[PDB]
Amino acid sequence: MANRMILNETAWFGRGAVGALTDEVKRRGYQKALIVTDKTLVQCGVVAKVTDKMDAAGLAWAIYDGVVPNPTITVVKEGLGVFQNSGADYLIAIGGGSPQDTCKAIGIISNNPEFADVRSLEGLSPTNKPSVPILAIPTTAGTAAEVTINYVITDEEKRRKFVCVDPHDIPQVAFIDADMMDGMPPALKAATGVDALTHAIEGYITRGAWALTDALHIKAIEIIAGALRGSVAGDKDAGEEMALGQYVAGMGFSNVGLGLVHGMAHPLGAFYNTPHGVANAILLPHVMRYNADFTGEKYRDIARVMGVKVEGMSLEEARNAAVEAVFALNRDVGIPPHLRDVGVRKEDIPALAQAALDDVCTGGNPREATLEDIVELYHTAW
């Protein structure tokens, strides 16, 4: 079959890309905006960075900083609520995947009221109308939610993180600039960073993978690999690189899927509020082994673009170098090696496994996985 690609029809890159917002707004005559964000972000004067420009440019805006890490259906509802009573024309998502994924949720439902519940929006959410125009402004080195046609919400009730995929999510314009992301504490940079790396690697070997997708992913890996460290260390230049690499990774996996690393990470989110960045970080290497054999020459390239001199290695050799380069990075970035460090409980392995087994992302894994295979993984990752 043919492959479909869904990208931002417009996107801005580099320190100060946020400056281009006011004009994008004008250029397309929007009247009022609902800013969807964190309270942490508003307090740290990050949102101000945008509202201030909007103010000077005389642009109307209202805020909703109700989002919390791992956005729940109640948050999404509260937002839709705030949205419906603002004369808001569009929305601006300032923040990581949470406020951004929340924002996409709000945009879709506000036009597909049909799906007010928000369960009914999992998988390929059967929407008939494109979401309210949304401007994405990421503040983290990961998610790439600014380009992906997907959002994940948490159903606290059913302690399970569910993924929603719909080409109707996609922002009209994405503003990617490290200036908005400089605030990230080291731990946060590392976490989001590795999430992006995870995104890149899982998309390079996902099942839908093909020419364009592979090209994008491998490049993203390359970028991420050679900068996450310096960024976590503070090098602002490396931060700008990260900002790009995470975005590139999104251009790919969004249009092609991921794998178990994400499938085995979501349940971990829903179960212990384990930061996605950290979850993937911990699994990734292990899941990579579990996948090694079903990835042809892939890992060779992965190992290469990560500094490993894969020259003269055997495919098996390379496959270990790759998995190892990863382990190496997490350690060098401060991510705990085991799930036991992040409070995962063995008595839950069975539950999680099932949660993962079902999770939408899993299907994209190059190597089918059985409940037991996964159980095995969670353990050997504990």
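Numbers for residues come from their place in the sequence shown, where the first is 1.
S.K.: Return whichever of 216 to 224 and 307 to 315 has the greater mean Cα B factor according to the PDB record.
M.R.: Averaged over C-alpha atoms, the B-factors run higher in 307 to 315.
S.K.: I need to verify one thing: averaged over C-alpha atoms only, is the B-factor higher for 134 to 142 or for 154 to 162?
M.R.: So the stretch with the higher mean C-alpha B-factor is 154 to 162.
S.K.: Tell me, please, which of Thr192, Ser231, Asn112, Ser254 has the highest C-alpha B factor according to the deposited entry?
M.R.: So the option with the highest C-alpha B-factor is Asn112.
S.K.: Have a look at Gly123, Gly81, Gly208, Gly96 and flag the one whose Cα has the highest B-factor in the entry.
M.R.: In the PDB entry, the greatest C-alpha B-factor among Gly123, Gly81, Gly208, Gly96 is found at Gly123.
S.K.: So where's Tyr64 on the chain's Cα temperature factor ranking, which third?
M.R.: Its C-alpha B-factor belongs to the middle third of this chain's values.
S.K.: Going by the recorded CA B-factors, say which third of the chain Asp235 sits in, lowest, middle or highest.
M.R.: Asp235: CA B-factor falls in the middle third of its chain.
S.K.: By the recorded C-alpha temperature factor, relative to the other modelled residues in its chain, which third is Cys361 in?
M.R.: Within its chain, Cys361 is a middle-third residue by C-alpha B-factor, going by the deposited values.
S.K.: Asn128's Cα B-factor: lowest, middle or highest third of the chain?
M.R.: Highest third, going by the recorded CA B-factors of the chain.
S.K.: Quick check on the deposited entry: does the C-alpha B-factor of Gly277 sit in the lowest, middle or highest third of its chain?
M.R.: Answer is middle: the recorded C-alpha B-factor places it there.
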